[PDB]
């Protein structure tokens, strides 16, 4: 039940294309107070922070508890696992008992050619 649903689980693209990843906090009494994205390079285990800037656009709709990442002009070196993180930090909606964060299961991205 209470989870961050991340779509798609996997995509293949050609380089020069772009890709959107969508996360929603489902079955939660908690508000979406803040969001963060990370990238694991194919073959690495270190999670790299991704900022809003350059080829990365990060959006949030707090009311529907959704957030997205759009990557513009995909490269082969963009191939890897993308994670989204949802923060609930006010913990003052009546039935919301936690402060902290939960992530989706990730998106495995394959960029070709």
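Positions refer to the first chain, counted from 1.
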- Per the entry, where is the mean C-alpha temperature factor higher: 97 to 105 or 12 to 20? 12 to 20
- Lowest, middle or highest third of the chain for the C-alpha temperature factor of residue 1? middle
- Message: Using the temperature factors of the C-alpha atoms in this entry, rank residue 65 within its chain: lowest, middle or highest third.
- Response: middle
- Once the chain's modelled residues are ordered by C-alpha B factor and cut into thirds, is residue 57 in the lowest, middle or highest one? middle
- Query: So where's residue 40 on the chain's Cα temperature factor ranking, which third?
  - Reply: middle
- Of the three thirds of Cα B-factor ranks in this chain, residue 28 occupies the middle
